[PDB]
Amino acid sequence: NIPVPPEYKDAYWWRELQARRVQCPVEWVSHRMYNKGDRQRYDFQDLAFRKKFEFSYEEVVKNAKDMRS
Amino acid sequence: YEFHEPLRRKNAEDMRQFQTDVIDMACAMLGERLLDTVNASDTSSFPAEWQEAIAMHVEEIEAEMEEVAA
Amino acid sequence: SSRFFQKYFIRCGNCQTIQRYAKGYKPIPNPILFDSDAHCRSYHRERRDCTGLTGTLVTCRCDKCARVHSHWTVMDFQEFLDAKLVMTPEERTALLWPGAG
Amino acid sequence: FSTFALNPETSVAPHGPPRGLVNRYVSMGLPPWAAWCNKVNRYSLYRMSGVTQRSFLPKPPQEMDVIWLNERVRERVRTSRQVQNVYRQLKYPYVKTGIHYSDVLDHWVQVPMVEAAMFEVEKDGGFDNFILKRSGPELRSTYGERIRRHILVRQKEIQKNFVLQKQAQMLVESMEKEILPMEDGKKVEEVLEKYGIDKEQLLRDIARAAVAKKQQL
Amino acid sequence: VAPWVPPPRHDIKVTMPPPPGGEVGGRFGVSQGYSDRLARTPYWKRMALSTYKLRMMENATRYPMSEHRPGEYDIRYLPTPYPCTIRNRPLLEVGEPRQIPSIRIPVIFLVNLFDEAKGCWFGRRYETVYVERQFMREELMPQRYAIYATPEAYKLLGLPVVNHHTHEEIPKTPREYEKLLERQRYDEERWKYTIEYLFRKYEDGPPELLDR
Amino acid sequence: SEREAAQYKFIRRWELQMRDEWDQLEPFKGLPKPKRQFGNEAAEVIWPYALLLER
Amino acid sequence: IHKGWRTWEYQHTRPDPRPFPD
Amino acid sequence: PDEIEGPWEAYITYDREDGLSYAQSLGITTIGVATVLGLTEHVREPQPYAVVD
Amino acid sequence: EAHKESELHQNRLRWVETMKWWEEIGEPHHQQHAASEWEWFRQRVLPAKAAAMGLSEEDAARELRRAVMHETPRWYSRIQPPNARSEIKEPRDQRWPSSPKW
Amino acid sequence: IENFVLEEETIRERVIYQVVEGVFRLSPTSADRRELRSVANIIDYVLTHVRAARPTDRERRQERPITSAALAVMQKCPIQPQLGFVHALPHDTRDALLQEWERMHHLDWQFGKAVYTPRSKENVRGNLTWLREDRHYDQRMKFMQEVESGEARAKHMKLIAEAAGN
Amino acid sequence: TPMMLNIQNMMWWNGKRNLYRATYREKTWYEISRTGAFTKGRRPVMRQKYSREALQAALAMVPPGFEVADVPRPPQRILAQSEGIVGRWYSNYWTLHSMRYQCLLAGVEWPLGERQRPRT
Ligand SMILES: [Mg+2]
Ligand SMILES: [Zn+2]
């Protein structure tokens, strides 16, 4: 990345979007969009298809178990 | 280095001719302020050498003004 | 214009006091003698009024300094809750409406 | 809808929920058009509620070359006086050729805008304030990016020049105290080479200052 | 490929997710902000870096409204995450005919400007004057004669700061503009609406009690 | 064809205000006429509605 | 589209292109 | 864990050389719930020129 | 440029007569009038109001006139006050006492 | 008045011998003399060699040091320049004669293209940037007055004080 | 545009796609359409139900010089939702009144004002 004095930063607005974007045609990764489970599990902000954080299974179980629920 | 150096070189140049410009503007300011202390106040002026020279350059600028007018 | 009641908090630009301005029910231009032109622009101006009085120059009469003007600044109630809550109680008496303790 | 002559305004509609078909849709928050709908199902309702906006830019925003701040190509559905047919047609904003004297860089600039943009530019106090207030994705023009770069650069140059002349002030204030008394012809030159000022150019613009003052009178 | 993917935008605060991007500035279309940093950090570490005081400050809701984009509705509480149409509206609707009467702009003169053709003053120094839009942008402004009447312009010139609300309401009809004009001159020149000026004819008794 | 007609009406009007053919009582035709009197000028004067709202 | 096809009667899946690729 | 509030430390980077002496001549005992325990010069391994070039 | 025609010619001649009435003797008189009467205001009324409004002779002038809007034939708001009383709408066509339709 | 005289075999031979050799002591090459065929060519040739004969700024700088007293005065100013800005203006890769072409017309200033020519002094009237950054300078000066007078120390000290008292 | 000509470009159908449209719809038209899930009629909007001293400790943090009458019921355009008790919770209409009803069931005295109905 190249450091830049902030007031000049606006001409790069598009470049900065291409970085946050997923690196493919969105076509290829489209399936994350279609099923309900992955609409929740994936971050779609400015087309970055990237799995959000998720607890493992035993994580979840020992998390629910010490609430005694 | 090949890319980056000719830049800081240019920056150094500009700082340099900046100093220069400070000095030139300072000359001008000196010009009108000294003229002011001489004409508005009194008892003080430069050498009659500087006075004849100043008068001469004034006449030359005046002639260039007459010619550049038309 | 306008179908629904709405409340606004308005600040007088001249003396900086906040008074509350209401806009109530006025009936639609009659559907039986129909004017498309009136109806449509009243619909758009209605959506405009429903939001923050956007395209409108607000003209009222200020109570503290009593005169009619448009210097008025309209505030969404959060800005109002910011304005109000940091005010010492005796300048509430000055700037705001009676009560408003 | 009131049949009365005088309808002083009320907090709530006085006679109960407003009669008439148009008022049905009005109270729903839909446009007065809706009374002309034959298909009233969920999809059509949702469609004309206008919640979602169907309209587009001519180019994708990174390639957009003109300033349309909020303007889209919209599509208007109209009807012939032979009413069995219903057609739709696209509608475009009025792009006026922007010619504005930019203040920070001293010159006229012509970067093509929309009407809304010109009213905007008067609202913002000049062309340049209008360009700098906007940011990035806000101004989607490429043209905008270029003259914004120029405006910025030139601005920082203005500042540079200000600093310049303040330096000049400090200098002449420092040497003034020195040569303020008349003193001598030779004494002044010591001051002149101590500050690195040449004699004959000082003479030259002392003369140009003289000419300057007597010229206007 | 993207070496170094840029971080979520407004992300500064310890225990709470960033605002939805595009509400800060960025690409719209999603109502929940997310940062991998916040989520990957174990709950206890998030807590350990905070206090009950600091927490209740960044929990803080400003509910319908948004902070980062003043005066508007926060997109995450709108039905679709895109920013509101009504406040961002285009000047002309789909069916609306264009009739926008020539509008006049308040403008501050930086010099005394005398009109010789009409033998009268265009404007005096530091005098706000309503002028023709074209006349201003085309002529006064490219010379240094006048600038726009914006409040910050009063601030810079040193004069007491007033707001003319230029083009807050841009009239789409001639009569609409005649109303706007009316209220405008009811504000701008109010010396016309004081009772002494209504009575100009009598600063004294009735005119039929006078002399020839 | 509206704007220039308007122009005509303003110019014409000002002319008649110099030459005193202008009658300000035109909008008020239906109203009763006030007292013609030496203190009552307050009655003839056309009042701005806003300044009535003010007081 | 003068008259639209009945697309509601199809579950959403991509058919194979008839000049099938080898 | 929230009753702990152990000794938080804060690094303050002054753009000049004299920062330590300054912060000590300010004479701050407390910010009023905090009670600053101490000031000290935080010794860094002096960074090469390569980092800023 | 037809003159042999009656109403095309006499009308636009009426027009140019009117518009050449304006900028000659009319317009400088309108301007002069507007100037002269503000001039009247500030040395007669304003001394009282400045004393009243709690300002000086100066700041009250920038206050009472916050901008200069001079009326020109292309920019004017209205000719005359709108009608005080608007006449009463009868039912559809000479129906009495009421009409079923509109 | 206006005379544009094309050259020939003889007339060029004597014209150059009298004008550029006689008056200007200027020395032509074979390629030069091949290219000398008009009156514009000879005059801008001489113009070229005279302008290149002039001293550069490297030479001017080494005849004119900037005195230690002068620069020591410029040091003690509250404000020094930013001075990197030139690098940020957009450069385009294109022909030089088309850039010549559009500035022959008015085309050069149009589409967000604007020509940067470095200035020294400005028009101060009606210039918002000048004004606003200048106001900035004023409140800077009154701030320094507040520092020298001692109130800076005091305001800060009572800020500390009421921070501790809470 | 082909959407104007009523062309079906759906990807499962011809492989194409309509050009002017978003690539990701976080909610499609159907569940934008359903206003019952969005607006608050007939529906609880604050899910957590607080104990007595819980409620009293929540009210404890409302700043003095605050009335209920100054917090307008947001329009239908706006989602109805509540964060539970967070900072400046009294500023959220739905949270404010939900809390008020919780206080009513709990026999907790209600310090703030009540909603005023202005009339002409
Ligand atoms: Mg899966
Ligand atoms: Zn007021």
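For this entry, the PDB record names cryo-EM as the structure determination method and reports a resolution of 7.8 Å.

**As for the overall build of chain E**
From N to C terminus, chain E includes 7 helices and 5 strands. Walking chain E from its N terminus toward its C terminus, one meets helices and strands in the order α-α-α-β-β-β-β-α-β-α-α-α. Relative to the globule expectation of 17 Å for 212 residues, the C-alpha radius of gyration of chain E, 28 Å, shows a markedly less compact shape. With the C-alpha coordinates of chain E rotated into their principal frame, the extents come out at 100 × 45 × 40 Å. Evaluated residue by residue, chain E yields a buried proportion of 48% over its 212 residues. Contacts in chain E between residues at least 24 apart in sequence constitute 49% of all its contacts with a sequence separation of at least 6. Accessible surface, chain E: about 10,600 Å² in total, of which carbon and sulfur atoms supply 56%.

**Some remarks on the overall build of chain F**
Along its length, chain F carries 3 helices and 0 strands. Each helix and strand of chain F, placed in order from N terminus to C terminus, yields the pattern α-α-α. What you see for chain F is a C-alpha radius of gyration of 15 Å, clearly larger than the 10 Å of a compact globule of 55 residues, by over 25%. Here the C-alpha coordinates of chain F stretch approximately 40 × 30 × 20 Å along the principal axes. When burial is assessed residue by residue, chain F has 25% of its 55 residues classed as buried. Working note: accessible area of chain F is about 4,300 Å², and carbon and sulfur atoms make up 54% of it.

**Section: the coordination of the zinc ion (ligand 2)**
Residue and element names in this part refer to chain C. In this structure, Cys12 (SG), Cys15 (SG), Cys62 (SG) and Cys65 (SG) serve as the protein donors to the zinc ion (ligand 2), at separations of 2.2 to 2.3 Å. Considering all 4 donor atoms around the zinc ion (ligand 2), the spread of angles at the metal, 103 to 126 degrees, places the coordination shape in the tetrahedral class. In terms of primary sequence, the donors binding the zinc ion (ligand 2) are separated according to C-x2-C-x46-C-x2-C. Placement of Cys12 in the loop between strand 1 (6-11) and strand 2 (18-23) and of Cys65 in the loop between strand 3 (60-62) and strand 4 (67-69) is noted, with a sequence separation of 53 residues between them. For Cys12, a relative accessible area of 0% gives the class buried. Classification of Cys65 by relative accessible area gives partly exposed; the value is 24%.

**Some points on the sheet that holds strand 5 (residues 73-75) of chain C**
All names here are of chain C. Across the sheet, which stays open at both edges, the 3 strands sit in the order 2-1-5 with antiparallel pairing between neighbours. Strands with a single pairing partner mark the edges of an open sheet, and in this sheet they are strand 2 and strand 5. Direction aside, the axes of adjacent strands within the sheet are offset by 40 degrees on average. Pairing analysis gives 6 bridges linking strand 1 to strand 2, with the strands arranged antiparallel. Its bridge partner lying in strand 2, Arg11 is registered against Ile18.

**Some details on the pattern of salt bridges**
If the charged atoms of two oppositely charged side chains come close together, the side chains can form a pair. Using the criterion set out here, one finds 65 salt bridges over all chains in the structure. Two residues, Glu71 of chain D and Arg74 of chain D, come together in a salt bridge whose shortest N-O distance is 3.4 Å. With respect to burial, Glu71 of chain D and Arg74 of chain D carry one shared label: buried. Measuring nitrogen to oxygen at the nearest pair gives 3.4 Å for the salt bridge that ties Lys49 of chain I to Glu196 of chain E. In this pair, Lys49 of chain I is assigned in helix 2 (residues 46-53) and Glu196 of chain E in helix 7 (residues 195-198), connecting two distinct chains. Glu196 of chain E sits in the partly exposed class, given a relative accessible area of 29%. Here the salt bridges do not stand alone but share partners, grouping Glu120, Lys123, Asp124, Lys133 and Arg134 of chain D into one network.

**Details of the packing of aromatic side chains**
With the rule as written, the count across this model stands at 41 aromatic pairs over all chains. When the centroid spacing of 5.7 Å and the interplanar angle of 45 degrees are considered together, the rings of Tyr46 of chain D and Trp29 of chain K count as tilted. Residue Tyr46 of chain D is found in helix 2 (residues 42-48), and its partner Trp29 of chain K is found in helix 1 (residues 29-33); the two belong to separate chains. Ring pairs connect the aromatic residues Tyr43 and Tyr46 of chain D together with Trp29 and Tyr30 of chain K, which therefore count as one cluster. A cation over an aromatic ring shows up here: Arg24 of chain D above the ring of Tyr25 of chain D, its NZ or CZ 5.1 Å from the ring centre.

**A short note on the nonpolar core**
Of all hydrophobic cores here, the largest spans 84 residues; its most connected members are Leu30 of chain B together with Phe127, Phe130 and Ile197 of chain D. Those residues in contact with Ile197 of chain D that sit more than four places away from it in its chain are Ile23, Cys27 and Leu30 of chain B together with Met175 and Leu192 of chain D. Among the nonpolar cores identified, the runner-up in size contains 45 residues, and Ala83 and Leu96 of chain C together with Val45 and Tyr93 of chain K belong to it.

**Here we look at the packing of helix 1 (residues 5-39) of chain B against helix 5 (residues 142-179) of chain D**
Two elements in contact, helix 1 of chain B and helix 5 of chain D, have axes whose closest approach is 8 Å; the angle formed by their N-to-C orientations is 50 degrees. Taken together, the axis directions place helix 1 of chain B and helix 5 of chain D in an arrangement best described as oblique. Note that helix 1 of chain B runs across helix 5 of chain D; the crossing there is right-handed. For the contact of helix 1 of chain B with helix 5 of chain D, a count of residues per class yields 15 nonpolar, 3 polar and 6 charged.

**Topic: the environment of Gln32 of chain E**
Residue and element names in this part refer to chain E. Considering the arrangement of structural elements, one finds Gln32 in the segment before helix 1 (36-40). On the basis of relative accessible area, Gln32 is assigned to the exposed category, the value being 55%. Taking the C-alpha atoms as reference points, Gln32 and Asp11, separated by 21 residues in sequence, lie 13 Å from one another.

**Details of the arrangement of the chains**
Once contacts are tallied for each of the 23 pairs of chains in contact, the highest total is for chains D and J. A gap remains between chain A and chain B, with no contact made and the closest C-alpha atoms lying 13 Å from each other. The least C-alpha distance between chain D and chain G, which are not in contact, is 13 Å.

**Here's the deal with the interface of chain E and chain C**
Of the residues lining the interface, 21 residues belong to chain E; the matching set on chain C comes to 21 residues. Of the roughly 2,200 Å² buried where chain E meets chain C, counting both sides, 48% is carbon and sulfur surface. Here chain E is connected to chain C by 2 salt bridges. For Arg41 of chain C, the salt bridge is made with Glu96 of chain E, and the minimal N-O distance between the two is 3.0 Å.

**A closer look at the sheet that holds strand 4 (residues 128-132) of chain E**
Residues and elements named next belong to chain E. Read across the sheet, 3 strands follow the order 4-1-5 without closing on themselves; strand pairing throughout is antiparallel. Each of the sheet's edge strands pairs with one partner strand only, and the pair in question is strand 4 and strand 5 (146-148). With strand direction ignored, the average angle separating the axes of adjacent strands in the sheet is 50 degrees. One ladder, built from 3 bridges, connects strand 1 (residues 104-109) with strand 5; its direction is antiparallel.

**Quick notes on the interface of chain J and chain D**
The interface of chain J with chain D comprises 41 residues on the first partner and 40 residues on the second. With both chains or domains summed, chain J and chain D bury close to 3,900 Å², and 62% of this area falls on carbon and sulfur atoms. Our enumeration of links across chain J and chain D arrives at 2 salt bridges. Of the charged contacts in the structure, one is a salt bridge between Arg64 of chain J and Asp198 of chain D, with a shortest N-O distance of 3.8 Å. For the pair chain J and chain D, the interface holds 10 residue pairs in polar contact. Residue assignment for the side of chain J that touches chain D shows that the elements contributing at least two residues are helix 5 (68-75) and helix 7 (128-149) of chain J. No other element matches the 7 residues that helix 7 of chain J contributes to the side of chain J that touches chain D.

Conventions used here
Note on numbering: residues are counted from 1 along each chain in the order of its written sequence, which can differ from the entry, and residues with no coordinates are hidden. The naming scheme follows written order: chains are lettered A onward, ligands numbered 1 onward. Every figure given here refers to the displayed chains, which form just one part of a larger assembly. Side-chain descriptors were evaluated using all non-hydrogen atoms of the structure, hydrogens and water having been removed beforehand. Residues with missing side-chain atoms are left out of burial classes, side-chain pairs and their counts. For helices the rule is a DSSP run of H or I covering at least 4 residues; for strands it is a run of E covering at least 2, with both sets numbered from the N terminus onward. The globule rule is 2.2 Å times the number of residues to the power 0.38, and the radius of gyration it is compared with is taken over C-alpha atoms. A 1.4 Å probe rolled over the protein chains alone gives each residue an accessible area, and that area as a share of the maximum for its type sets the label: buried under 20%, exposed over 50%, partly exposed in between. Contacts are residue-level and defined by heavy atoms, with any inter-residue pair within 4.5 Å sufficient. Here the open area of atoms and residues is found with the Shrake-Rupley method and a 1.4 Å probe, where only the protein chains shown may cover a residue. As a rule, N, O and S atoms within 2.8 Å of a metal are its donors, except that Na, K and Ca use 3.2 Å; water is not among the atoms, so sites may look incomplete. Angle rules define the geometry names used: all angles between 85 and 135 degrees makes four donors tetrahedral, while opposite donors over 155 degrees apart and all other angles between 65 and 115 make four donors square planar and six octahedral, leaving every other case irregular. Pairing between strands is defined by DSSP: at least two bridges between them are needed. Axis lines are fitted to C-alpha atoms, over the contacting stretch for helices. Their N-to-C directions set the angle, which ranges from 0 to 180 degrees. Every case where a carboxyl oxygen of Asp or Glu lies within 4 Å of a side-chain nitrogen of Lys or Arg is listed as a salt bridge. Planes of paired rings set the category: under 30 degrees apart is stacked, over 60 is edge-to-face and the rest tilted, where pairs are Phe, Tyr or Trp rings (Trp by its six-membered ring) whose centres lie within 6.5 Å. By definition here, charges over rings are those cases where NZ of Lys or CZ of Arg is within 6 Å of the ring centre and within 35 degrees of the ring normal. Put simply, buried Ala, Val, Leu, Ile, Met, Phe, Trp, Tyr and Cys residues joined by side-chain atoms within 4.5 Å make one nonpolar core. These descriptions rest on fixed angle ranges, namely under 35 degrees for roughly parallel, over 145 for roughly antiparallel, 65 to 115 for roughly perpendicular, and the rest for oblique. Crossings are assigned a handedness: left-handed for a near helix turned anticlockwise from the far helix by less than a right angle, right-handed for a clockwise turn. In the scheme used here, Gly and all other residues not listed as nonpolar or charged are polar, with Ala, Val, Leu, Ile, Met, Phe, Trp, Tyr, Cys and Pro taken as nonpolar and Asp, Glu, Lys and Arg as charged. Once two parts are put together, the accessible area they lose, assessed with a 1.4 Å probe and summed over both, is termed the buried area. Any pair of nitrogen or oxygen atoms within 3.5 Å is treated as a polar contact; in protein, a donor-acceptor pairing is required on top of that, and neighbouring residues in sequence qualify only through side-chain atoms on both sides.

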